[PDB]
């Protein structure tokens, strides 16, 4: 299998993570982990078995926790799939998620090609 230095993944992928963060207000619900107590939604962790958010992805990328770049792609799509699963299609959060996913799909393709 192919070997990737943590520093190579960090430098290559950080611009794509910035592209998500800079979407305002769409990234705001995704910048920190969903807090079901604060939001009053105790069933969140029953429906969403594997929570994910931008802060967790950013920490994994900054600290060298990904073995290969498709694991970062996996985490980003997990984040988006969790939001589309939990929230109504008509809801703000679902629509914000769809904006972020549109940004991500545009940005991630050339980066993954260059990482080989």
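Residue numbers count along the first chain shown, from 1.
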Given the B-factors recorded for C-alpha atoms, which segment has the greater mean, 30 to 38 or 52 to 60?
30 to 38
80 to 88 or 40 to 48, whichever carries the higher mean Cα B-factor:
40 to 48
Quick check on the deposited entry: does the C-alpha B-factor of residue 111 sit in the lowest, middle or highest third of its chain?
lowest
Residue 24: which third of its chain by C-alpha temperature factor?
highest
